[PDB]
Number of protein chains: 2
Amino acid sequence: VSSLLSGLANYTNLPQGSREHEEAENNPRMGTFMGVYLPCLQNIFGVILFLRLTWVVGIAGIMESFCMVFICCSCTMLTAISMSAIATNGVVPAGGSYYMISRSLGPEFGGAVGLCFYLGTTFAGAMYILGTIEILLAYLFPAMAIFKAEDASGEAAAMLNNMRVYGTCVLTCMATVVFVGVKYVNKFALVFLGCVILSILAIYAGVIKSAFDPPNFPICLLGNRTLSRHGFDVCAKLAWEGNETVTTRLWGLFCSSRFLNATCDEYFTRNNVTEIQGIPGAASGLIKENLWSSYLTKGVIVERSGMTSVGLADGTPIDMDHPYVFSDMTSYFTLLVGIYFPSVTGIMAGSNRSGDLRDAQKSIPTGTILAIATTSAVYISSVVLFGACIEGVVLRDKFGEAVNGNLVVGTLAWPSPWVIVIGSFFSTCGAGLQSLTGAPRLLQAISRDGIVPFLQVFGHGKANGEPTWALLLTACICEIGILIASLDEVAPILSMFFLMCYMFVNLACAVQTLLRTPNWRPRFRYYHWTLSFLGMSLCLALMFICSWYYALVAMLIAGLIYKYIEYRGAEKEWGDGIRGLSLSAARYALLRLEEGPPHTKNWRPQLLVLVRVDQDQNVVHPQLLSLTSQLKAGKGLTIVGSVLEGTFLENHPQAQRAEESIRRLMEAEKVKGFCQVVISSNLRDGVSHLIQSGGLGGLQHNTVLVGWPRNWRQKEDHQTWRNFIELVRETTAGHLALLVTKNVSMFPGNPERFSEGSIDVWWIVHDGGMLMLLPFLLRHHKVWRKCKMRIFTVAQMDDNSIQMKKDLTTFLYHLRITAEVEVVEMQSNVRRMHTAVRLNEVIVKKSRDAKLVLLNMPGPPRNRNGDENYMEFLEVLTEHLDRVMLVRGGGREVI
Amino acid sequence: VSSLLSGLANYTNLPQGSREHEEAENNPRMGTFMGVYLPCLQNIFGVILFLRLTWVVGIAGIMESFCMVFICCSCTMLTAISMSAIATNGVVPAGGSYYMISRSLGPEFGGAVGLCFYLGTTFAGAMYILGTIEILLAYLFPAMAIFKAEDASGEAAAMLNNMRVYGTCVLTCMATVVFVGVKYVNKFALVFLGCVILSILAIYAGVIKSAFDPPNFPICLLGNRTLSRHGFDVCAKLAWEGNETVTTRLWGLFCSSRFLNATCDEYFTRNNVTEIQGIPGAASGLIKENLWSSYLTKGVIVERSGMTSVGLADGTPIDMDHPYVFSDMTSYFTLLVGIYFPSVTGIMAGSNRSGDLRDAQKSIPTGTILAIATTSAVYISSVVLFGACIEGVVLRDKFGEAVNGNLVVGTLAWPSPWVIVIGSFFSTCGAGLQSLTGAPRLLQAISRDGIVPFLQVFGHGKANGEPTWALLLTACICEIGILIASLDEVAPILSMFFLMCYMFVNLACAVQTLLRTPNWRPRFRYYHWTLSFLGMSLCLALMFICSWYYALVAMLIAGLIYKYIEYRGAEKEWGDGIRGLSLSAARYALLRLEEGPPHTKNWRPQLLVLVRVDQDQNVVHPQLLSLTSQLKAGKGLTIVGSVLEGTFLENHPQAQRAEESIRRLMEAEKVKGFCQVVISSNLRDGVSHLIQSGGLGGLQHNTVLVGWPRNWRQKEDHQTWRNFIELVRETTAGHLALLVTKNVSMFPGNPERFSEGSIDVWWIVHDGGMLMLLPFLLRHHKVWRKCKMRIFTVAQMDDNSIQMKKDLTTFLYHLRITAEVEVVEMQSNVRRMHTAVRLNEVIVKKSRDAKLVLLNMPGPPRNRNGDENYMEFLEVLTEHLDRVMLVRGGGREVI
Ligand SMILES: *[C@@H]1O[C@H](CO)[C@@H](O[C@@H]2O[C@H](CO)[C@@H](O)[C@H](O)[C@H]2NC(C)=O)[C@H](O)[C@H]1NC(C)=O
Ligand SMILES: *[C@@H]1O[C@H](CO)[C@@H](O[C@@H]2O[C@H](CO)[C@@H](O)[C@H](O)[C@H]2NC(C)=O)[C@H](O)[C@H]1NC(C)=O
Ligand SMILES: *[C@@H]1O[C@H](CO)[C@@H](O)[C@H](O)[C@H]1NC(C)=O
Ligand SMILES: *[C@@H]1O[C@H](CO)[C@@H](O)[C@H](O)[C@H]1NC(C)=O
Ligand SMILES: *[C@@H]1O[C@H](CO)[C@@H](O)[C@H](O)[C@H]1NC(C)=O
Ligand SMILES: *[C@@H]1O[C@H](CO)[C@@H](O)[C@H](O)[C@H]1NC(C)=O
């Protein structure tokens, strides 16, 4: 009991604002029970259980209301799981639910979740304040009212003029008390929870007493219709005062004299007056009867279904139905959902005290889920126990006029009906104070967060971290709810924002799990990404079922703040401008890429090309750029690399020429790529600073496309020829792919197009998925469109049949069967150059005239004295072919 | 006349499909008039002008219909401008409107515009086919029908069973004729346009004749209500056959005997029968009268407004209103808009013949705009001339039963009413043939385009480039329209897709102008980007006014194909996977950046940091990485660069260690950056391959943050010390900014946080916006939060007052006034080291104990013998300060 009372000395249900965020940057105990569960359980129980639940039980029945509760509950339990994965991730920063969402989903969604929830909570201030004024005018003080109806038809207008003149009278009282008396209202958090849960138990007490003996609450009927028990007290058409039968006051309101003359309406005279039991209790058979629907229309008299009546009097000449019971408004299914829904909102109060718990990764998930479960078990068992204990004709009655102006709920209370009427009053007064505290701290947090700059003046707090300007704005948005002055119309507008916040909380947690954003570790047990997606579609549907023409103005206001933060998100970090909106998406996509493996399933060539630029700078071989567009036509990353010699301190105007000749040239041949002009000491280094440092992030170059040294055996170019030899060993170590083009100047540019073409591919042993795919990418292009693919295979085994039967089943698996297959078969440098000249005879004698020849490029020797052991081997390999492309690679897979 | 008839030998209104796209890749005259204008003018005039316009004129009046036409017209004229900017851009490829949109907006939107337009046109096939069957059962052959009403109440059911049994009977006839007889229906394009425009002129002929003498079309009334003139011929209650007055057949349908006994309904007997003129003409005063609204309800008898009647008989005991004129359906404003809208669709037929025009950048814009203008001028002047010439009670009449079963339009025809009835029949038959040709060529184009892979089997054309499988699918989507069997319900579903296509065509052209996508040159005269945006919101609103619960199923089907193409767009080019969806957005954002200038308005430091990694590799100074997070905290690009020595062929396992030590370290201090580990010959080169080649695209590094050589005067490190000196001259030439950190090991890491801190800034002459902003970024961080900013200025002039009054007005402009200001003032190497030791005395004697000191770093000498002329100058400058950061930069501006 000791940790109870000491914890009850701590227990306050208020959010932790930015003053509690200051104590987190400068650097007690709680529990699961008084920390999350009891704050959340208070902020869900509200006015709708007491003031408008029984009105929904009788109208929609119990079979449609059970389906109605189970779809409004099931959104909250799924968006608690999306509040759970935010809790398990992160370190749960001290201060509010705003800082828990904003830090774990970035400032992108946090300014939009935090701002829908500001307006959604401010209308919960004005809705509860209309809840208190309605109780004050119907049950507590139904005498005191300024505006009174000047006729029998002014009940529509004078009632709404009551709700405007007391709301604005009390909203100024509510705003000042939370302003000056913050320390007092901090103390009464246990009073308000005591008033609620006793009032809920007082219902469940009296439902058990009514099973054994129901109370005395009779109702009076007149044919099928009932009548207001306001003016008269006794229900009889004739008062039998002994030997003198007297006209009652029931006679007086209908018949236009209190005399025995019988000069009145024919519907009163032909129909008798019946007084039966209005609350027959749990022993009664109501559940088989009161089950389906009673969807009335505004003006229709509420009529008991199963009574014998007399069918006449088509008009309604009863002094505007002076003594009867009516329907206030027309009603249907998808209107009540806007009224029921704010009874299930308050999950975000589950983490008002995250900076005081000790196990915040376990209290915040398990606490709200248990709080939703104990609340939905009340709601569902309230709906049935309202149905099977109370006659439906008073359940269709707002304001309890059929039971002589007492609360429809409060007549089911065992001690007294003044218990719930007072008990729901200090409840709804208290959740009005809480809503004028939880909302001004929130706008205080967003304003000091700097996340949206035009809301900057609302950060001006007072001396103790309490606001002064957000109160005056939240007093003027509660003000708009009070001018509407109608509990049934504030409720769908209020519901439209709390649906919108739970729309985003399910949205961002489903996206960031799928795309694998950085720093996203939902370490929760019972979680998936579809489970946030399923709740995302569900409270998309509820948002239109309320009112579709308000759901579009709710999205496109929230969808425009989400884009307004990003346009200010760019202009702070990325310098300025609409360029920064593209810089950030460039950065954020690259940081996404850092997790996955490179080799995953599939291979595509991503070209690194490197050109030679001479003196009076320009490219020497534009046909090499012309090849690049013929493979990777309007596709992945292209890096046009180039080098030149020495002293960047005075060589950069040459770099300006060198880059600009390439930029206008890629546009000339439709290459969408990126230029790198590097100034090195020798060309040996400057090529190797691009084979390993081209393309940051995941967008690495994957192949290297290079020409051929044509000035091979000449004066000094040997070391430039030696730079080619170090390039081959480099790509094997770095695990790239090499593409070597021979006779570069005679290549098909984009004017020349070929016809009757044949490409001849010689796939001997190695490089399967790259030597096969390279013509298939080329043929795909319009220049190489009208061409033929020929694949010739060298063999070294004995059988060729199964060798072809192994080869012919590759194409069926590759789905590119259109190539024709033909089999062929037959100190250290000479053995290399024995088979060189022999095979090159076999190459030409079946492929003298192709438009392009493909060959395997073998591995260079590790000796490094193999300049002449290996390169005459390749010039014999290029035995006077017109266009041959050499290829080798390492460590890849092609599907 | 010669180019007419020869052009009339060419004039065919069919789209150019993929066979016309083959003739563009292998590689006559037209004009504006027969090329764009007349094809577009045919495919807008349809069934709605003849069959359901007059029904809308009488119901919605002429004041609401004029506002109705002017908002459905104004969407088409704005989406023609968005079709104009697609035309002026590009080269206008041969073949259809699909290839014009797909190439100019990429395969992203082209598969979604091209697929909404496929379904939007297929229902235009089934709508027109219901238009022909309705004319065939009401005017031409109203005798032949299989299903006939078994009672007076079967007219609802038997009519819809007529439309199902003839539609599917004729849809098989429509599908085969376009299959086998493509050459025949190619010839009749001039017949169908001749049938339309003569029928439109036959209306405007007879409206002029009716002004001088209206024809004879009388109608019969009975009190306020009219009656069907079907069975009887003469309108009198008593046939006066001489001396024997006889009961008419008008008597026979009402009164239940053709005898003179008068045994019948009291509404017939108390009310007289009036036969007035049903079409009073242009001379009549109808326009002041027939103006407002007549929104009826299903079952209500159409009643003339201004007639004297007799008010009795509450029920309708007239053998289910056997002889009367009714309303087929309930109606309101936002239901008729779904019926009127397909009268204005057909813009995409403006470029069916783009591959045959000569000036395709001028014919396509000016042709469709003139085609919309001449069509809207018909529609608006048809609405008024229908109102002010025809009595409203037959305008509320479908099927023309009040005028004895003749067309409400066709009675305004001057030669004969059989002109329009035949003329609108060969029109609507012809636009049904055209819709079963324009739609199967379209799905043939998307299937061969490979843009969506599950639609691949629909590319199987026949031998002459004509489809065979897209016809059977478009016969089965017309089939669903025929089972609905109702012209009033196919029309909003048909309207929902053509609105969706014009939604995207306005969308993509407004986006790609704003973001400046590559290759987007709208060279059109009268164009802006808001003018596409204004039309985008307008046919967003029309899409909900039709039916909101169909607009959400129209977007989220089109919005899901747009994301399905991209997930196949990634898995083709970027290897595979959901990584490729991020690679493409990374590439596409960088290619956007290539246009704009760098220096635009604002400056932010984008750090290039470079570290020293020793033997048994690890970073030597982790405190330098600790500084990076304290400036650019969770913000722009960070490049952690590193070098090591020699022979990448065998040095890459050292590179694996070198990169991995940095990756776990940036996470340890919350740095979101990118690693580059470069292996060079000397460290002189390998630093300079990062100062100019770090960060492709727009995301360049903008500053360089570097430590300090502490082993200054020692054994061999002179040349490594000389590598620092070449780094300073390099950044001045490359126009970067330099940040030099002194005493690197004693820096505040993220555990240690400071209090009572002072940062002392010495801004002497140069580097304004960088030396001011650098503490302001630091203070912003939590470690440097509780600190003070002190700015001390060295002076060389005489006055200091106005010098402070120039300095104190900077802070008011910078809004960072919180710093305190204090003024101070007072072979070749010695003059540099005279003022060095003098100023460094002045530095320390006001700033002995700051947490960080900022100083201007001067320019190095061009002599290059200034190793000792300049670096003792800096070590005297660092006169035993704890933490000082040196800074200089070039060519920037800070706002
Ligand atoms: C209550 O009684 C009346 C007659 O006493 C029932 O009959 C209906 O009366 C209205 C007149 O307001 C008529 O329009 C309906 O056609 C009557 N319905 C019939 C004859 O079936 C009325 O239904 C009763 N109310 C109930 C059962 O809820
Ligand atoms: C046509 O005549 C009738 C009476 O002959 C007009 O009067 C209405 O009659 C209906 C009965 O179906 C009543 O429900 C309405 O209350 C009557 N309206 C009155 C009396 O104003 C009827 O308005 C006439 N139709 C017109 C003018 O369009
Ligand atoms: C109505 O009844 C009263 C009896 O209370 C009588 O005084 C009065 O005269 C009667 N009025 C008549 C019969 O008009
Ligand atoms: C009302 O009920 C009583 C039974 O006490 C009966 O005598 C009377 O006739 C009824 N009146 C009616 C049906 O109008
Ligand atoms: C109705 O009038 C006819 C005259 O055509 C007459 O033959 C018949 O007897 C009459 N029926 C009566 C009066 O019931
Ligand atoms: C119908 O009009 C005629 C005028 O020819 C008149 O004699 C007759 O009384 C009218 N009938 C009515 C108003 O029922």
# chains A, B, ... in the order shown; residues from 1 in each chain; ligands from 1
$ residues_around --residues "region 587-593 of chain B" --least-positions-apart "6" --cutoff "9 Å" --atoms "only C-alpha atoms" --output "PyMOL selection string"
(chain A and resi 579+582-583+585-586+636-637+672-674+699) or (chain B and resi 515-518+696-699)
$ write_last_selection --atoms "C-alpha atoms" --output "compact mmCIF listing (two decimals), in the first residue's frame"
# COMPACT_ATOMS: atom_id res chain seq x y z
CA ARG A 579 17.64 22.37 -56.17
CA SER A 582 16.53 17.14 -55.26
CA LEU A 583 19.81 17.15 -53.33
CA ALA A 585 16.31 12.97 -52.19
CA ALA A 586 19.64 12.20 -53.81
CA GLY A 636 21.93 3.09 -65.78
CA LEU A 637 25.00 4.98 -64.58
CA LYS A 672 22.99 10.33 -69.89
CA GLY A 673 26.10 10.16 -67.75
CA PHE A 674 28.58 11.90 -65.48
CA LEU A 699 25.89 3.47 -57.56
CA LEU B 515 11.23 20.38 -61.30
CA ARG B 516 13.04 20.98 -64.64
CA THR B 517 13.36 17.39 -65.77
CA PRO B 518 15.97 16.69 -68.49
CA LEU B 696 29.39 13.18 -58.63
CA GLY B 697 26.66 15.39 -59.91
CA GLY B 698 25.52 18.42 -58.00
CA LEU B 699 26.49 16.97 -54.66
$ residues_around --residues "region 492-498 of chain B" --least-positions-apart "3" --cutoff "7 Å" --atoms "only C-alpha atoms" --output "ChimeraX atom specification"
/B:116-117,119-120,123-124,338-339,341-342,489,501-502,543,546,551
$ interface_residues --of "chain B" --to "chain A" --cutoff "6 Å" --atoms "only C-alpha atoms" --output "PyMOL selection string"
chain B and resi 575-576+582+586+589+602-604+649+730
$ atom_distance --atom1 "CA of residue 611 (chain B)" --atom2 "CA of residue 642 (chain B)"
5.5 Å
$ closest_atom_pairs --of "chain B" --to "ligand 2" --cutoff "9 Å" --atoms "only C-alpha atoms and all ligand atoms" --output "JSON lines"
{"residue": "B:223", "atom": "CA", "partner": "ligand 2", "partner_atom_place_in_ligand_line": "2 (O)", "distance": 6.5}
{"residue": "B:224", "atom": "CA", "partner": "ligand 2", "partner_atom_place_in_ligand_line": "1 (C)", "distance": 4.2}
{"residue": "B:225", "atom": "CA", "partner": "ligand 2", "partner_atom_place_in_ligand_line": "1 (C)", "distance": 6.7}
{"residue": "B:267", "atom": "CA", "partner": "ligand 2", "partner_atom_place_in_ligand_line": "5 (O)", "distance": 8.8}
{"residue": "B:271", "atom": "CA", "partner": "ligand 2", "partner_atom_place_in_ligand_line": "5 (O)", "distance": 8.6}
{"residue": "B:302", "atom": "CA", "partner": "ligand 2", "partner_atom_place_in_ligand_line": "28 (O)", "distance": 8.0}
{"residue": "B:303", "atom": "CA", "partner": "ligand 2", "partner_atom_place_in_ligand_line": "28 (O)", "distance": 5.1}
{"residue": "B:304", "atom": "CA", "partner": "ligand 2", "partner_atom_place_in_ligand_line": "28 (O)", "distance": 5.6}
{"residue": "B:305", "atom": "CA", "partner": "ligand 2", "partner_atom_place_in_ligand_line": "28 (O)", "distance": 4.0}
{"residue": "B:306", "atom": "CA", "partner": "ligand 2", "partner_atom_place_in_ligand_line": "27 (C)", "distance": 6.0}
{"residue": "B:307", "atom": "CA", "partner": "ligand 2", "partner_atom_place_in_ligand_line": "27 (C)", "distance": 6.8}
{"residue": "B:308", "atom": "CA", "partner": "ligand 2", "partner_atom_place_in_ligand_line": "2 (O)", "distance": 6.9}
{"residue": "B:309", "atom": "CA", "partner": "ligand 2", "partner_atom_place_in_ligand_line": "5 (O)", "distance": 3.9}
{"residue": "B:310", "atom": "CA", "partner": "ligand 2", "partner_atom_place_in_ligand_line": "5 (O)", "distance": 3.7}
{"residue": "B:311", "atom": "CA", "partner": "ligand 2", "partner_atom_place_in_ligand_line": "4 (C)", "distance": 3.4}
{"residue": "B:312", "atom": "CA", "partner": "ligand 2", "partner_atom_place_in_ligand_line": "11 (C)", "distance": 6.5}
{"residue": "B:313", "atom": "CA", "partner": "ligand 2", "partner_atom_place_in_ligand_line": "11 (C)", "distance": 7.4}
{"residue": "B:314", "atom": "CA", "partner": "ligand 2", "partner_atom_place_in_ligand_line": "12 (O)", "distance": 6.0}
{"residue": "B:315", "atom": "CA", "partner": "ligand 2", "partner_atom_place_in_ligand_line": "12 (O)", "distance": 8.2}
$ write_last_selection --atoms "C-alpha atoms" --output "CSV table (one decimal), in the first residue's frame"
chain,number,residue,atom,x,y,z
B,223,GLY,CA,-54.9,19.7,-66.4
B,224,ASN,CA,-51.3,20.3,-65.5
B,225,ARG,CA,-50.1,16.9,-66.7
B,267,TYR,CA,-59.4,13.4,-62.3
B,271,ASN,CA,-60.3,18.2,-65.8
B,302,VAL,CA,-44.2,15.7,-66.1
B,303,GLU,CA,-46.5,18.6,-65.5
B,304,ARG,CA,-46.7,21.9,-67.4
B,305,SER,CA,-46.2,24.6,-64.9
B,306,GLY,CA,-48.6,27.3,-65.9
B,307,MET,CA,-51.9,25.6,-66.4
B,308,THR,CA,-55.2,25.7,-64.5
B,309,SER,CA,-55.8,22.3,-62.8
B,310,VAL,CA,-58.1,20.7,-60.3
B,311,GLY,CA,-56.5,19.4,-57.1
B,312,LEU,CA,-57.8,16.0,-56.0
B,313,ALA,CA,-57.3,12.2,-56.2
B,314,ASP,CA,-54.3,11.7,-53.9
B,315,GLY,CA,-53.6,8.2,-55.1
$ residues_around --residues "residue 98 (chain A)" --least-positions-apart "2" --cutoff "9 Å" --atoms "only C-alpha atoms" --output "number ranges by chain"
A: 17, 95-96, 100-103, 110, 113-114, 348, 442, 445-446
$ closest_residue --among "A:273, A:111, A:170, A:198" --to "ligand 4" --atoms "only C-alpha atoms and all ligand atoms"
A:273
$ residues_near_ligand --ligand "ligand 3" --cutoff "6 Å" --atoms "only C-alpha atoms and all ligand atoms" --output "VMD selection string"
chain A and resid 259 to 261
$ residues_near_ligand --ligand "ligand 5" --cutoff "12 Å" --atoms "only C-alpha atoms and all ligand atoms" --output "PDB file with N, CA and C atoms, in the first residue's frame"
ATOM      1  N   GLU B 244     -74.539  12.629 -83.665  1.00  0.00           N
ATOM      2  CA  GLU B 244     -74.253  11.541 -82.735  1.00  0.00           C
ATOM      3  C   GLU B 244     -72.868  11.779 -82.146  1.00  0.00           C
ATOM      4  N   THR B 245     -72.830  12.300 -80.925  1.00  0.00           N
ATOM      5  CA  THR B 245     -71.562  12.447 -80.231  1.00  0.00           C
ATOM      6  C   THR B 245     -71.074  11.089 -79.739  1.00  0.00           C
ATOM      7  N   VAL B 246     -69.800  10.804 -80.006  1.00  0.00           N
ATOM      8  CA  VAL B 246     -69.227   9.480 -79.811  1.00  0.00           C
ATOM      9  C   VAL B 246     -68.058   9.611 -78.839  1.00  0.00           C
ATOM     10  N   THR B 247     -67.873   8.581 -78.011  1.00  0.00           N
ATOM     11  CA  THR B 247     -66.688   8.457 -77.172  1.00  0.00           C
ATOM     12  C   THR B 247     -65.470   8.182 -78.044  1.00  0.00           C
ATOM     13  N   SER B 256     -63.288   3.012 -68.552  1.00  0.00           N
ATOM     14  CA  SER B 256     -63.256   1.575 -68.775  1.00  0.00           C
ATOM     15  C   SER B 256     -64.513   1.063 -69.460  1.00  0.00           C
ATOM     16  N   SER B 257     -64.883   1.718 -70.562  1.00  0.00           N
ATOM     17  CA  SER B 257     -65.789   1.250 -71.604  1.00  0.00           C
ATOM     18  C   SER B 257     -65.773   2.292 -72.702  1.00  0.00           C
ATOM     19  N   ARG B 258     -65.951   1.874 -73.949  1.00  0.00           N
ATOM     20  CA  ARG B 258     -66.154   2.836 -75.027  1.00  0.00           C
ATOM     21  C   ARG B 258     -67.648   3.059 -75.259  1.00  0.00           C
ATOM     22  N   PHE B 259     -68.345   3.326 -74.155  1.00  0.00           N
ATOM     23  CA  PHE B 259     -69.769   3.619 -74.155  1.00  0.00           C
ATOM     24  C   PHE B 259     -69.984   4.971 -73.505  1.00  0.00           C
ATOM     25  N   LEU B 260     -71.116   5.584 -73.819  1.00  0.00           N
ATOM     26  CA  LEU B 260     -71.503   6.799 -73.120  1.00  0.00           C
ATOM     27  C   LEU B 260     -72.178   6.447 -71.805  1.00  0.00           C
ATOM     28  N   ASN B 261     -71.377   6.170 -70.784  1.00  0.00           N
ATOM     29  CA  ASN B 261     -71.879   5.855 -69.458  1.00  0.00           C
ATOM     30  C   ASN B 261     -71.167   6.635 -68.369  1.00  0.00           C
ATOM     31  N   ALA B 262     -69.998   7.204 -68.683  1.00  0.00           N
ATOM     32  CA  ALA B 262     -69.197   8.063 -67.808  1.00  0.00           C
ATOM     33  C   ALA B 262     -68.836   7.384 -66.493  1.00  0.00           C
ATOM     34  N   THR B 263     -68.263   6.192 -66.573  1.00  0.00           N
ATOM     35  CA  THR B 263     -67.937   5.417 -65.385  1.00  0.00           C
ATOM     36  C   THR B 263     -66.425   5.318 -65.260  1.00  0.00           C
TER      37      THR B 263
END
$ closest_residue --among "A:275, A:453, A:466, A:460" --to "ligand 4" --atoms "only C-alpha atoms and all ligand atoms"
A:275
$ residues_around --residues "residue 28 (chain B)" --least-positions-apart "5" --cutoff "12 Å" --atoms "only C-alpha atoms" --output "JSON, numbers by chain"
{"B": [6, 7, 10, 11, 35, 353, 354, 355, 356, 357, 358]}
$ write_last_selection --atoms "N, CA, C and O atoms" --output "mmCIF file, in the first residue's frame"
data_model
loop_
_atom_site.group_PDB
_atom_site.id
_atom_site.type_symbol
_atom_site.label_atom_id
_atom_site.label_comp_id
_atom_site.auth_asym_id
_atom_site.auth_seq_id
_atom_site.Cartn_x
_atom_site.Cartn_y
_atom_site.Cartn_z
ATOM 1 N N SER B 6 -8.086 15.003 -104.058
ATOM 2 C CA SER B 6 -6.930 14.152 -103.819
ATOM 3 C C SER B 6 -6.711 13.947 -102.323
ATOM 4 O O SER B 6 -6.345 12.852 -101.881
ATOM 5 N N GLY B 7 -6.956 14.990 -101.526
ATOM 6 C CA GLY B 7 -6.917 14.829 -100.083
ATOM 7 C C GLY B 7 -8.109 14.062 -99.552
ATOM 8 O O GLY B 7 -8.019 13.405 -98.511
ATOM 9 N N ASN B 10 -7.339 10.604 -99.581
ATOM 10 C CA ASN B 10 -6.455 10.242 -98.488
ATOM 11 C C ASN B 10 -7.190 10.193 -97.154
ATOM 12 O O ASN B 10 -6.812 9.411 -96.277
ATOM 13 N N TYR B 11 -8.244 10.999 -97.004
ATOM 14 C CA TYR B 11 -8.831 11.295 -95.701
ATOM 15 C C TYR B 11 -9.464 10.072 -95.054
ATOM 16 O O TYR B 11 -10.539 9.624 -95.457
ATOM 17 N N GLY B 35 -6.147 17.117 -91.569
ATOM 18 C CA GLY B 35 -5.220 16.286 -90.830
ATOM 19 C C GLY B 35 -5.520 16.160 -89.358
ATOM 20 O O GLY B 35 -5.463 15.065 -88.799
ATOM 21 N N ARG B 353 -3.035 11.227 -86.783
ATOM 22 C CA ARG B 353 -2.273 11.261 -88.019
ATOM 23 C C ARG B 353 -1.087 12.206 -87.869
ATOM 24 O O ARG B 353 -0.855 13.089 -88.694
ATOM 25 N N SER B 354 -0.319 12.027 -86.791
ATOM 26 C CA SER B 354 0.881 12.833 -86.595
ATOM 27 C C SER B 354 2.000 12.417 -87.538
ATOM 28 O O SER B 354 2.865 13.234 -87.868
ATOM 29 N N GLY B 355 2.002 11.165 -87.985
ATOM 30 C CA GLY B 355 3.031 10.710 -88.896
ATOM 31 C C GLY B 355 2.800 11.042 -90.351
ATOM 32 O O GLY B 355 3.533 10.535 -91.205
ATOM 33 N N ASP B 356 1.810 11.868 -90.663
ATOM 34 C CA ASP B 356 1.498 12.255 -92.030
ATOM 35 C C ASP B 356 1.453 13.753 -92.227
ATOM 36 O O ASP B 356 1.494 14.222 -93.363
ATOM 37 N N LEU B 357 1.356 14.517 -91.151
ATOM 38 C CA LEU B 357 1.400 15.965 -91.256
ATOM 39 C C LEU B 357 2.796 16.422 -91.641
ATOM 40 O O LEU B 357 3.764 15.662 -91.559
ATOM 41 N N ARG B 358 2.911 17.672 -92.075
ATOM 42 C CA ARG B 358 4.252 18.164 -92.350
ATOM 43 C C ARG B 358 4.732 19.094 -91.235
ATOM 44 O O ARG B 358 5.883 19.003 -90.800
#
$ atom_distance --atom1 "CA of residue 145 (chain A)" --atom2 "CA of residue 405 (chain A)"
16.3 Å
$ residues_around --residues "residue 468 (chain A)" --least-positions-apart "3" --cutoff "12 Å" --atoms "only C-alpha atoms" --output "list in words"
residues 175, 176, 178, 179, 180, 437, 440, 441, 443, 444, 457, 458, 459, 460, 461, 462, 463, 464, 465, 471, 472, 473, 474 and 475 of chain A
$ residues_around --residues "region 54-58 of chain A" --least-positions-apart "3" --cutoff "9 Å" --atoms "only C-alpha atoms" --output "list in words"
residues 49, 50, 51, 61, 62, 64, 65, 290, 291, 292, 293, 294, 336, 339, 340, 383, 384, 386, 387, 391, 392, 393, 394, 395, 396, 397, 398, 408 and 409 of chain A
$ atom_distance --atom1 "CA of residue 122 (chain B)" --atom2 "CA of residue 435 (chain B)"
6.7 Å
